[PDB]
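1. An experimental structure, sequence included, is below.
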Amino acid sequence: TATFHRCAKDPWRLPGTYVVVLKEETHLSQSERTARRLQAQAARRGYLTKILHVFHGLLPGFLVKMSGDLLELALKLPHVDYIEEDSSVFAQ
Ligand SMILES: [Hg+2]
Ligand SMILES: [Hg+2]
C-alpha cells in the first residue's frame, strides 16, 4: 500500500510535479505502461498530464506534471511503492 511524501519545509516544495516510485523489481516496460495508464485515467476525469521522464537504472518509475487532485488515483496504480512531490535543492 503506497504512501505520499512532500517536503516539510513548505517554501521548498514544488507542487504540480510528482516522482512516482514503483516497486524495486518493476521493469521499464511496466513503468511506461503504468505512466500511460495514469494519463488515460486522468484524461477520463478531465485532467491534462505530462510524463516528463521515465526512470530506470537506479529506481523504476516516472516524473509527472499533474494536479495533486490525482494523487489518490495514482497511489492506486499497479506497482506503485510511493509518490514524492518535487522539491528544491540548493548549492552549499
Ligand atoms: Hg524536501
Ligand atoms: Hg522533500
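-> Nice, thanks for sending it over. Numbering: from 1, shown residues only. Ligands and ions are numbered 1, 2, ... in the order given.
2. hang on, isn't residue 22 packed against residue 31?
-> Yes. With contact defined as Cβ atoms under 8 Å, residue 22 counts as touching residue 31 (5.8 Å). Bear in mind the C-beta positions are built from the backbone N, C-alpha and C, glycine included.
3. Overlap of the contact sets of these two?
-> Overlap of the contact sets of residue 22 and residue 31 (by Cβ atoms under 8 Å, 6 or more residues apart in numbering) consists of 60, 61, 79.
4. Now do the SS call for the residue of the chain found nearest ligand 2.
-> For the chain, the residue closest to ligand 2 is residue 7, as judged by Cβ to the ion, at 3.1 Å. Put simply, residue 7 is coil when judged by DSSP: H, G, I helix; E, B strand; the rest coil.
5. How many residues are close by the residue lying closest to it once chain neighbours are set aside?
-> Closest residue to residue 7 apart from its sequence neighbours, by Cβ to Cβ, 6 or more residues apart in numbering: residue 87 at 4.0 Å. Residues within reach of residue 87, counting by other Cβ atoms under 10 Å, total 17.
6. picking up where we left off before, more neighbours: residue 22 and residue 31, which one.
-> The residue with more neighbours, out of residue 22 and residue 31, is residue 22; 24 against 21, by other Cβ under 10 Å.
7. dump the residue contacts of the more buried one.
-> Neighbouring residues of residue 22 by Cβ under 8 Å, 6+ apart: 30, 31, 34, 59, 60, 61, 79, 80, 81.
8. could you redo the last one with a cut-off of 10 Å?
-> Residues near residue 22 by Cβ atoms under 10 Å, 6 or more residues apart in numbering: 2, 30-31, 34-35, 55-56, 59-62, 77-82.
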